[PDB]
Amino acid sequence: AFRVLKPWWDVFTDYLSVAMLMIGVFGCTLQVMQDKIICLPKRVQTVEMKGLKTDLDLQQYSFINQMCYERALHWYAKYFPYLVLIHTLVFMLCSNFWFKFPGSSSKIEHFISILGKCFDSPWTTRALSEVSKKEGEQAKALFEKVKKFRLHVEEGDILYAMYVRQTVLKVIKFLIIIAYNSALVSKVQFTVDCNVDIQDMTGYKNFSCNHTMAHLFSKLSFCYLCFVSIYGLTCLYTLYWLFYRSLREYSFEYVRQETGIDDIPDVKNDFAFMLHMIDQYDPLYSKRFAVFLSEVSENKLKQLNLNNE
C-alpha cells in the first residue's frame, strides 16, 4: 500500500476530486431530464385584467423553446456539468501521476519496504537506546540493504522533479479553471432574451425566455468554484513546501542533536525528497532510519557482531 507515501494534501485533493465528480454527475442528471427553457413572445399582438393571447400552438411553443435553447442560451449554461466532468476526470488522472510511474513505483515500494523493515528491526531501537546473535546478522543484512538502496536511488533525480511537474500542472489547471469559471459564471442567468428569426414560422421574432435550472446551475457553479479554490490553495501550499525548502538535501542535524552519533552523511536528491515525504507522514521513521544511515554506526555494529561471533 502506497497510502503511507500519500501525504494529507494528496488525500484531501482525492476527496475533493470525488466531490467534484459527484457534483458533475448531479449536474449531468439535471441537464438530462430537468433542463428546460420557457420562452414567451415579446410584444404580443379594482380593474379587470385579461390575458394576452399569442395565438400559438403547443408545437410552435416547443419550437420556440428549443430554437432559443440552441442559440440564445450561453454555451456555459448548457455544458457546465460536462466541463466539470471532464476537468475532474483530468484531475483524478493527474492526481496519481507520481504514483503510477513504473520506475517511480518500484522505487517507492523499495523505500517503504526498507523503512518498514528497519522500523520492525529491533537493532534500530537497541542502538538508539544504547547511544542515547541472529538479530545482529539481520541488522547487518539490513545495513547492506541500506547501502544498496543508497547506491540505487540517491543518484537519480526523477522523483522530486516529476512531483514538481505534477504540482505545477495542478496549479496551472486550477488557475485556468478559476479564470474561465469566473469569466463565464455571469452568463448563467435566469431570464434571457432570444432574438432568433423564426418570424416566417411563429409570427414573432423576439422572445423572452427563462432557464428554469439557471439558479441551481449557478449554485452548482459556485460550489464547484469554491471546491476548485480549496484545491488550488492546497496545491499552492504544496508548491510553497516544494520550493521553500530544498528537498534535494535532507539535513539529519536533528538526529545529530538527539543521537550522540555525528558522522551521519546528509542524504541527497530523491533520498532527501522521500525522507521529506515520510517526515510529513511520520518523522519518527526518519530519525530512526538516520542511525541506520551512518557508516560509523555500521562500524560499531561490525565491532559488536565480531565480539558476539
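The term rigid core refers to the maximal set of C-alpha atoms that superpose within 1.5 Å between the two forms. From 1 onward, residues are counted along the sequence shown.
Note on 93-101 and 211-219: with rigid core alignment, C-alpha atoms in 5 other deposited structures of this protein sit farther from this form for 93-101. Compared with the other entries of this protein, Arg71 is consistently built, present in every one of those that build its neighbours rather than absent from a third. Across the other PDB entries of this protein whose models span the neighbouring residues, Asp120 goes unmodelled in a third or more.
In this entry, no coordinate-free residues of the deposited sequence separate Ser186 from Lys187.
Unmodelled deposited residues between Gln257 and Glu258: none, per the record.
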